[PDB]
Amino acid sequence: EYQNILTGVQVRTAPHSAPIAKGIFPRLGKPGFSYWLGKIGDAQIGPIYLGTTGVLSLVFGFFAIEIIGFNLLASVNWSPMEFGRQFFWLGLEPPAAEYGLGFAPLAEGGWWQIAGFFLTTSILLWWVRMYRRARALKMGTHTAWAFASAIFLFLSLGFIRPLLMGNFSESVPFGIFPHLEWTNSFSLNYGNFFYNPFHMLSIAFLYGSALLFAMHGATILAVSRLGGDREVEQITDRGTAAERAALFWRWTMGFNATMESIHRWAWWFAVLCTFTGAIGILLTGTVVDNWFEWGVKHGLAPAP
Amino acid sequence: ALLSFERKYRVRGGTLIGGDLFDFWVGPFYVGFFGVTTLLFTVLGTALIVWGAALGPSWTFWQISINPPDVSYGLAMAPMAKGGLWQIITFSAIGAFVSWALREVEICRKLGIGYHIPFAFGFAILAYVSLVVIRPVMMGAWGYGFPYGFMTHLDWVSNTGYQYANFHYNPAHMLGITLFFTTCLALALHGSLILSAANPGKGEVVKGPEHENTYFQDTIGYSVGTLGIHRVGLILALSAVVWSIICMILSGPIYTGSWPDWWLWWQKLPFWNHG
Amino acid sequence: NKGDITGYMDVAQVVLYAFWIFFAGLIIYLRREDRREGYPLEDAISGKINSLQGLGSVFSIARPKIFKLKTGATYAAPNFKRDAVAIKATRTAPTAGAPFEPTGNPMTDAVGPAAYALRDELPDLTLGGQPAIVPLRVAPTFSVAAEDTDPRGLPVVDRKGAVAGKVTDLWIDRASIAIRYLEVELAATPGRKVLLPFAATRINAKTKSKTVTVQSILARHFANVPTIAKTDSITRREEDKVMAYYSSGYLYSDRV
Amino acid sequence: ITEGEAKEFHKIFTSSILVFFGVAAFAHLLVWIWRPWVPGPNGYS
Amino acid sequence: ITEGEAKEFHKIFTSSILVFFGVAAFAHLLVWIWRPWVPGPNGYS
Amino acid sequence: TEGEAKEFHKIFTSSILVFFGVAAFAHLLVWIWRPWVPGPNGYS
Amino acid sequence: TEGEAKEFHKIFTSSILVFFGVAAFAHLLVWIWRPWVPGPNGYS
Amino acid sequence: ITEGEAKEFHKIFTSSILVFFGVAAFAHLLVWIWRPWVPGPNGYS
Amino acid sequence: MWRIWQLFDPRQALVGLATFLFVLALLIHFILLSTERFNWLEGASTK
Amino acid sequence: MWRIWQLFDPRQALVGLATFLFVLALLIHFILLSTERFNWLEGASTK
Amino acid sequence: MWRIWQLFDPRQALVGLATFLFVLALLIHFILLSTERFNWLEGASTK
Amino acid sequence: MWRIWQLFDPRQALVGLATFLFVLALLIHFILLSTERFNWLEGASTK
Amino acid sequence: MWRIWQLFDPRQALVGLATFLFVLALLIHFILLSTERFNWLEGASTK
Amino acid sequence: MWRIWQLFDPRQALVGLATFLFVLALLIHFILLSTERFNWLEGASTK
Amino acid sequence: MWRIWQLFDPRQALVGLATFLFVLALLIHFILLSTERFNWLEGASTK
Ligand code: 07D
Ligand SMILES: CCc1c(C)c2cc3nc(cc4[nH]c(c(CCC(=O)OC/C=C(\C)CC/C=C(\C)CC/C=C(\C)CCC=C(C)C)c4C)c4c5nc(cc1[nH]2)C(C)=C5C(=O)[C@@H]4C(=O)OC)C(C)=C3C(C)=O
Ligand SMILES: COC(C)(C)C\C=C/C(C)=C/C=C/C(C)=C/C=C/C(C)=C/C=C\C=C(C)\C=C\C=C(C)\C=C\C=C(C)\C=C\CC(C)(C)OC
Ligand SMILES: CCCCCCCCCCCCO[C@@H]1O[C@H](CO)[C@@H](O[C@H]2O[C@H](CO)[C@@H](O)[C@H](O)[C@H]2O)[C@H](O)[C@H]1O
Ligand SMILES: CCCCCCCCCCCCO[C@@H]1O[C@H](CO)[C@@H](O[C@H]2O[C@H](CO)[C@@H](O)[C@H](O)[C@H]2O)[C@H](O)[C@H]1O
Ligand SMILES: CCCCCCCCCCCCO[C@@H]1O[C@H](CO)[C@@H](O[C@H]2O[C@H](CO)[C@@H](O)[C@H](O)[C@H]2O)[C@H](O)[C@H]1O
Ligand SMILES: CCCCCCCCCCCCO[C@@H]1O[C@H](CO)[C@@H](O[C@H]2O[C@H](CO)[C@@H](O)[C@H](O)[C@H]2O)[C@H](O)[C@H]1O
Ligand SMILES: [Fe+3]
């Protein structure tokens, strides 16, 4: 009874990759092989492409990470021991309300603003990198727009809502426990963030993404004895694996997808999980002061 | 009422129970014995939910709630008016979920495919059972299950989360959140890669597995593979559910205190316990 | 007050209803994409184009999108190329919902779990315009990685333990580096050679000796495995046929 | 599937059922003597 | 497996059953001598 | 794996007895220090 | 192998004996410093 | 893996262990002279 | 009802009835245990 | 009723018999333990 | 009474019985520990 | 007691037995540490 | 007990034994450091 | 005692020994730094 | 004590040694910075 959960016998060949124009930068990384990764998936590692947008994104991101880490280490007076003790509790806090959207003093949130700007720039440059890498390989840019949804949520959390409130004071800090505490206090300040309906939609789409990527993973693993793992080939030439995958769900559920359209569902659930989340974040504080009172007004709560 | 390829696999057999009695289809659905049983449990549970809505004061779909019995009843069966209806709906839901999974098993046997899908659904059934049976039994009362209501089960989630004064600090909860977020990210990447390979633009012949591997080799530095991605995705979702179950068993049955100050153990390891 | 639009209606509710409209449209779009294979629906008995469908039919089926291949080929989705109503089976009851009794040996008649899609007779292509599924003999560069049992020469047995045959060669996918097939020479017929999918094997590297076992079909069933033509490059239809035959074992591996 | 095997197994199944039911009945009698589980009209004295 | 290689397995199994049950009853007897687990009509002392 | 296991069983039982002997000696010492069976009054 | 096992065990027993003797010395020193078995009134 | 280089490795390995343990013991003697790490009955004074 | 077992599998029917009867009896027993009057373990007073 | 096992498979019937008996025994024992009267580990006394 | 062992798997029977009996013993011991009267570690007075 | 090992691999039998003995020894030791009376490290008084 | 070295190669046996021994010793040292009395660094008064 | 070197090649053995000893030295130094008595940098008084 | 380089290739050995030495030096400098006595940047009276 085999399951295609682990690859008992592996194959290793001469590393090769799809052809790209040389460009200013070559492929970098001297590809190698790994055993556990080949047990769970492919064994080859790299090479990683590092173009102009890749260099720009890496430099901006590294600057942001170094600024954040330097501030975290400085907050505990440069003690490696006490840095270890408080690492989770350490955080680069955003500037206070009084400074508006302008530059705060470095100790009072200027470093947070500089780090956030550099991180935003690196994330956007990484988005451009995904777009350009997809276009270079003569492929579509679905990954870029799926990423753009996540960037929308990130910018709504960090920049857009501060713009609307005219204030970075309620932005999320750069810390492990501090950003969870920001989540908790954001929910408390605005009345039981469960009563945010776009939060409910985002949770529905997150649950649906997990559900869908368990359903689809189990379906492809169930038809992997029939060439079902080779999804694009079953999309261009429908084999019996795709037919049985469709008929299983048609018989158990009443309807079914295509090998191509199931990944459209997969794309859209993931994208909507963050799109509705960004909308719900942009709506709180600006339009809806208290989500519990909005729910009471609109029939979500028994009106105490 | 059949797909272009459906009237070729509609053979009999593959049923665990019932023989040829319920081995048939109604419309698109396959029924089997376990389809009959899931109808039995679903109709009864939904009728009981609507009956509890009638006994309730709202009919507002989001304010309809079936509450479990008060904790003063312990693990005892409760009167139907006050607590018992929630218990019967719980048992009916468990029976319907099990019938659903078993019907999926019969469909898998009939189509000659693996039983991965019912096995994966077993984890969702286990999460529900841990929320309404296992955890309330360990805690000693049926009133620790969640109410069957649209917004009231969210009130239960919030109340139980703040019972430990910050439920984020539950480390198993952190790990389950990490797995859920990573599952969503991996699903986005996988659907995006498949769509981009199948729909590459004007001209732009359909790309092969080598192009899909090359994309993530260039962008990330590693590519899992068109078979291994479904593996890692199923494992990601199932592990997220497993660690959520673990974090809810840990809260109440095992740990009955503030999760935030559970982490003081970390603060006081001997190589930085400055005191 | 601050966020309202008209008395009871406010901005958040309006954005919510806008999302609901967008999600209804998105569900329609996704269902249109779903209805790109096996559509339109046929009658369960006669096979005429019929189904209980409403005013959404005009929007149910999408125009055929065109897939371009790196050979000049083209796929149309949906292509309304359907299967024949008359299959090698008979209705248990004439009620349009009843299952089918096979009218022969369903292993070799491609009925039920043995049924295979009627694909095209072309091997999968690599980035270089060559077959992807090839035996290791005609791929000198490819080799089996170490730290794994080499499945060459190991006895091929069923669940009953009878030695069905012996493995001589491995067939692998060039596009994705993994073993696809094991070439098995029959202990009963040296002049016969068969392909057994790698997904249907247990490694069995942890026992008294090393062997390859199959849990689906019995030893005698290896005498009727579908054959292939080129013996060094296999078409999609041939591989789909072989995989369907092997997958049909679990349902009726002991007669019908 | 041998019929004689089933006929032989019937004897051992009957002996097992008799000994198990006897143990259970003795246990229930001991429990009843210790504490009856059928309440009186006034509850439990 | 074998026809007669289970009678000796039955021998060792019944020997193990006696060895386990004897020490189990031995332990139970000491527990009862120490503290009985059946309360009297007015409870425990 | 039919006769060569006789020595394995014999020295297995030898290890059984010696480990149980040291464990019983440990338990005897612990009992002398502090018994683990309460009396009618408990632990006095 | 079989020949290597003789001397391998011959020096394994000596090495474990040396480790156990050092551990016994360490425990005896610690007991001299502070015994870890309390008294009827606890730790004096 | 010829054993001559094994022996040549082992001799200098033993010498290295000896010098490492010697310098470590000298360091421990210096630290003990500085501050002892075994408290007496009354603790640290 | 002469031969109704020429239509229903006796094994499947017997197993289904055993399971149904056990489940129904367990449900009725638990319902009685939920009450104040027929809980023979709590043993409340009729008067 | 010596013809029940003529078609009933013996091994599955006995495995399920033992499992069902054990589960029911656990349930009844725990129910008794939950009672204020038959809990033999505390003995809350009748009168 | 000997054909039972040629009916069942001798290795599976031993493994399952050993683990099941161990789990049962562990549960009984932990229940006794949770009991005020029979906890042999806290040692509260019988009176 | 002569022919047990023909069914169980002695290597894995020893590995599993040693793992079980170590785990159970740790469980008993930590349980005693959690007790007041048998904690030999954070020691308490018998009386 | 010399024959034990045919079941287990000394290669894996010694690395496993060494890592287990070091982990056990380190955990015991942590336990002693943490309790109250055998912590040789804080060195509190015994009485 | 030299026989170690035909199972453990000196490359891996010495790199592992170096990593282990360096980690242990860091551990002991940090543990000392956490104690007041032996923190040679803060230099709290003995009394 | 020169025969080391037959095993350890100078290329990766030097890179690892340099990285380790830099990390150790940085760690010590940070530890010194934290301490109120040896912080040469903030500056504090010894007396
Ligand atoms: C007490 C807390 C309170 C409580 C009531 C509660 C409970 C629950 N909630 Mg919630 N939540 C509360 C508050 C609250 N909640 C959210 C969000 C969500 C979404 C996130 C989706 C996601 O993927 O995020 C995650 C995606 C992001 C943040 C966007 C993409 C991120 C990117 C590209 C970052 C790129 C990073 C690098 C390149 C690395 C280098 C950078 C550095 C080192 C710095 C999701 C659906 C979700 C789930 C649930 C569940 C299941 C529950 C249960 C069971 O109770 N919650 C966010 C949101 O969208 O809200 C509308 C948000 O902002 C916010 C707030 C304030
Ligand atoms: C559908 C909604 C879905 C949700 C649930 C979801 C959530 C979260 N997604 C998260 C993180 C990331 N997401 C990503 C990438 C961006 C990388 C970046 O910005 O680099 C740009 C930054 C930086 C350069 C800064 C640091 C750099 C470091 C640490 C290295 C520093 C050292 C250097 C340079 C020197 C050494 C090395 C040399 C070579 C010299 C990261 C890993 C991406 C995508 N999400 C998508 C979608 C989703 N993301 C899609 C479709 C994606 C992409 O296409 C893209 C990608 O590359 O995916 C592989 C997080 C933390 C999430 C949570 C839960 O909070
Ligand atoms: C490589 O690193 C070595 C040295 C080892 C270590 C270095 C660093 C370390 C250890 C870093 C650790 C970092 C940690 C723990 C980070 C935790 C980060 C988390 C959890 C962040 C989570 C959320 C934060 C978000 C979403 C913040 C978003 C902020 C945004 C988008 C702000 C944008 C602000 C802008 C654009 C400001 C505009 C205003 C002005 C005018 C200033 O712009 C010019
Ligand atoms: C100003 C505030 C801070 C924000 C940062 C602004 C500068 C960084 C973003 C500038 C815009 C980048 O936009 C992008 O630039 C790079 C060159 O840099 C170009 O891309 C170039 O590098 C890519 C890397 O894959 C190569 O294929 C090739 O050398 C060339 O195409 C893209 O054609 C352009 O789309
Ligand atoms: C595979 C095995 C599956 C079964 C495993 C079961 C494990 C746990 C079983 C617990 C059974 C509890 O059973 C139920 O307990 C509650 C506890 O309040 C009892 O409740 C009753 O007694 C308690 C006192 O003990 C009272 O406070 C309560 O008001 C009263 O209703 C019920 O009379 C009993 O029916
Ligand atoms: C495995 C087989 C299991 C078989 C189990 C059989 C259970 C049924 C036993 C029925 C015995 C009835 O016995 C009858 O019950 C009544 C209650 O109505 C009891 O009534 C008597 O005892 C109760 C004790 O609470 C007193 O309060 C009451 O005043 C007194 O009359 C008596 O004991 C007896 O007259
Ligand atoms: C290996 C499996 C172990 C099997 C264990 C079997 C346990 C069975 C033990 C119970 C047997 C009956 O034992 C009987 O119970 C009654 C119940 O009032 C008790 O009756 C006596 O003791 C109680 C309680 O101390 C006192 O109030 C009084 O002295 C007297 O009534 C006695 O203990 C005994 O006469
Ligand atoms: Fe997929």
Side-chain angles (χ1 to χ4, degrees), chain A residues 28-29 48 50 54-55 57-73 83 87-88 90-92 94-95 101-104 109-110 112-127 129-131 142-151 153-160 162-163 168 171-180 182 205-206 209 267 269-275 277, chain B residues 177-178 180-189 191-192 216 219-221, chain D residues 21 24-25 27-29 32 35-45, chain I residues 40 43 45, chain J residues 46:
Chain A
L28 196 56
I48 190 167
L50 180 67
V55 179
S57 194
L58 285 190
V59 173
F60 272 104
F62 192 60
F63 263 93
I65 301 299
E66 294 294 328
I67 282 161
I68 292 174
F70 292 166
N71 274 280
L72 297 193
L73 193 56
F83 184 79
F87 166 68
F88 309 126
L90 289 188
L92 191 47
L101 304 166
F103 287 85
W112 182 95
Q113 290 166 314
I114 293 168
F117 183 87
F118 281 3
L119 193 73
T120 287
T121 302
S122 47
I123 283 160
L124 289 163
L125 273 157
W126 196 266
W127 184 91
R129 179 163 182 276
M130 314 297 285
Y131 196 104
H142 299 72
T143 309
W145 294 113
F147 187 29
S149 174
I151 299 163
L153 176 52
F154 163 84
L155 289 182
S156 166
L157 285 183
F159 190 63
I160 306 179
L163 272 173
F168 279 118
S171 198
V172 56
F174 295 118
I176 306 289
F177 285 171
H179 94 291
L180 310 168
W182 172 90
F205 288 122
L206 180 66
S209 160
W267 193 96
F269 269 56
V271 160
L272 287 173
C273 169
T274 57
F275 177 79
Chain B
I177 290 175
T178 295
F180 266 114
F181 283 167
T182 311
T183 311
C184 203
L185 159 59
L187 179 78
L189 297 175
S192 299
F216 278 118
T219 59
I220 299 181
Chain D
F21 276 26
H28 285 94
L29 264 169
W32 185 269
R35 269 174 190 174
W37 60 84
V38 172
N42 296 115
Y44 272 132
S45 45
Chain I
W40 64 100
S45 71
Chain J
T46 76

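No hydrogens, no waters, no symmetry mates; every other heavy atom, side chains included, goes into these values. Note on naming: letters A, B, ... go to the chains in the order of the sequence lines (proteins, then strands), and numbering restarts at 1 for each one. Atoms within a ligand are numbered from 1 in the order they appear, just like the ligands themselves.
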Check your understanding: Can any side-chain N or O of A:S122 pair as donor or acceptor with the backbone N or O of A:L119 at less than 3.5 Å?
Key -> yes
**Study point:** atom 18 (C) of ligand 2: the protein heavy-atom neighbour that sits closest, reported with distance to 0.1 Å
**Key:** A:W126 CG, 3.6 Å
Review point. In the protein, what heavy atom is nearest to atom 23 (C) of ligand 2, and what distance, to one decimal place, separates them?
Key: A:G61 CA, 3.8 Å
Practice item. Any atoms of ligand 3 less than 4.0 Å from a non-hydrogen atom of A:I68? List them with their elements. Key: 13 (C)
Check your understanding: How close does the nearest protein non-hydrogen atom get to atom 20 (C) of ligand 3, and which residue and atom is it?
Key -> A:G175 O, 3.3 Å
Review point. In terms of the angle between their ring planes, are A:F118 and A:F63 parallel, tilted or perpendicular, with boundaries placed at 30° and 60°?
Key: perpendicular
Practice item. Using heavy-atom distances, let me know which of A:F70, A:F88, A:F177, A:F154 sits nearest atom 28 (C) of ligand 3. Key: A:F154
Check your understanding: Hey, looking at atom 50 (C) of ligand 2, which of B:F181, A:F147, A:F62 has the closest heavy atom?
Key -> A:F147
Check your understanding: Is there a protein heavy atom less than 4.0 Å away from atom 11 (C) of ligand 2?
Key -> no
Point to revise | For A:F117, atoms of ligand 3 separated by under 4.0 Å from a heavy atom | key: 36 (C), 43 (O), 44 (C)
Point to revise | atom 39 (C) of ligand 2 - nearest protein heavy atom and its distance | key: A:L58 CD1, 4.3 Å
Practice item. Over all heavy atoms of both residues, which pair between A:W126 and B:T219 is shortest? Give the atoms and the distance, please. Key: CZ2-O, 3.4 Å
Study note, to complete from the structure: heavy-atom search around atom 9 (C) of ligand 3 in the protein gives A:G69 CA, 3.7 Å
**Study point:** Proximal atoms of ligand 3 relative to A:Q113 (non-hydrogen, under 4.0 Å)
**Key:** 42 (C)
Exercise for review: Among all protein heavy atoms, pick out the one at the shortest distance from atom 36 (C) of ligand 3; state its residue, atom name and that distance to 0.1 Å.
Suggested key: A:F159 CD1, 3.5 Å
Exercise for review: Among all protein heavy atoms, pick the one closest to atom 32 (C) of ligand 3 and tell me residue, atom and distance.
Suggested key: A:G158 O, 3.7 Å
Practice item. Could you pull out, from A:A64, A:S122, B:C184, the option with a heavy atom nearest to atom 22 (C) of ligand 2? Key: A:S122
Review point. Does the protein put a heavy atom less than 4.0 Å from atom 47 (C) of ligand 2?
Key: yes
**Study point:** Per-atom contacts of ligand 2 with A:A270, taking only distances under 4.0 Å to non-hydrogen atoms
**Key:** 1 (C), 2 (C)
Revision key, fill the gap. A:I123 heavy atoms within 4.0 Å reach ligand 2 at atoms 19 (O)
Review point. Do you see a protein non-hydrogen atom under 4.0 Å from atom 35 (C) of ligand 2?
Key: no
Practice item. For A:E66, counting its heavy atoms only, list the atoms of ligand 3 lying under 4.0 Å from any of them. Key: 1 (C), 2 (O), 4 (C)
Point to revise | Atom indices of ligand 2 within 4.0 angstrom of B:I220 heavy atoms, with elements | key: 59 (C)
**Study point:** From CG (A:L124) to CG (A:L155), nearest 0.5 Å
**Key:** 6.0 Å
**Study point:** Per-atom contacts, ligand 3 versus A:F103 - under 4.0 Å to a heavy atom
**Key:** 41 (C), 42 (C), 44 (C)
Review point. Which protein heavy atom lies closest to atom 26 (C) of ligand 2, and at what distance to 0.1 Å?
Key: A:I65 CG1, 4.0 Å
Review point. Can a protein heavy atom be found under 4.0 Å away from atom 15 (C) of ligand 3?
Key: yes
**Study point:** atom 2 (C) of ligand 2: nearest protein contact (heavy atom, Å)
**Key:** A:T274 CG2, 3.5 Å
**Study point:** Any protein heavy atom < 4.0 Å from atom 32 (C) of ligand 2
**Key:** yes
Review point. Does ligand 3 have an atom under 4.0 Å from some heavy atom of A:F168?
Key: yes
**Study point:** Distance filter under 4.0 Å to A:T120 heavy atoms, resulting ligand 3 atoms
**Key:** 31 (C), 33 (C)
Review point. Heavy atoms only: which of A:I123, A:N71, A:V172, A:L180 is nearest to atom 25 (C) of ligand 3?
Key: A:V172
Point to revise | Non-hydrogen atoms of A:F174 and A:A115 that approach each other most closely | key: CE1-CB, 4.1 Å
Check your understanding: How far is atom 7 (C) of ligand 2 from its nearest protein heavy atom, and which residue and atom is that?
Key -> B:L185 CB, 4.7 Å
Check your understanding: So, does A:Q113 use its side chain to make a donor-acceptor pair with the main chain of A:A104 at under 3.5 Å?
Key -> yes
Review point. For atom 61 (C) of ligand 2, is the nearest protein heavy atom closer than 4.0 Å?
Key: no
**Study point:** For A:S57, atoms of ligand 2 separated by under 4.0 Å from a heavy atom
**Key:** 21 (C), 24 (C)
Can you give me a line-by-line list of nitrogen or oxygen pairs between ligand 6 and the protein shorter than 3.5 Å?
residue  : atom   : partner : partner atom : Å
ligand 6 : 25 (O) : D:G40   : N            : 3.2

Review point. How does A:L157 reach ligand 3, by side chain, by backbone, by both or by neither, if only non-hydrogen atoms under 4.0 Å count?
Key: neither
Check your understanding: For ligand 3, which atoms, with element, lie under 4.0 Å from some heavy atom of A:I176?
Key -> 15 (C)
Review point. Any idea which protein heavy atom is nearest atom 58 (O) of ligand 2, and the distance to it?
Key: B:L189 CD2, 3.6 Å
Point to revise | atom 27 (C) of ligand 3 - nearest protein heavy atom and its distance | key: A:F174 CE2, 3.5 Å
**Study point:** Non-hydrogen protein atom less than 4.0 angstrom from atom 5 (C) of ligand 3
**Key:** no
Check your understanding: Does some side-chain heavy atom of A:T274 sit less than 4.5 Å from a side-chain heavy atom of A:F154?
Key -> no
Exercise for review: Considering only protein heavy atoms, determine whether one is less than 4.0 Å from atom 16 (C) of ligand 2.
Suggested key: yes
Review point. Under 4.0 Å from atom 52 (C) of ligand 2, do we find at least one protein heavy atom?
Key: yes
Point to revise | D:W37 backbone acceptor or donor facing D:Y44 side chain under 3.5 Å | key: yes
**Study point:** Donor-acceptor contact present, side-chain A:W127 to main-chain A:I151, <3.5 Å
**Key:** no
Check your understanding: Say you draw a straight line from CG of A:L153 to CZ of A:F275; how long is it, rounded to the nearest 0.5 Å?
Key -> 11.5 Å
**Study point:** Verify atom 28 (C) of ligand 2: protein non-hydrogen atom under 4.0 angstrom away
**Key:** no
Practice item. Identify, for atom 54 (O) of ligand 2, the protein heavy atom at the shortest distance, and state residue, atom and that distance. Key: A:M130 CE, 3.3 Å
Review point. Counting only N and O atoms by type, is there a donor-acceptor contact under 3.5 Å from the side chain of A:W112 to the main-chain atoms of A:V172?
Key: yes
Point to revise | Per-atom contacts, ligand 2 versus A:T143 - under 4.0 Å to a heavy atom | key: 51 (C), 54 (O)
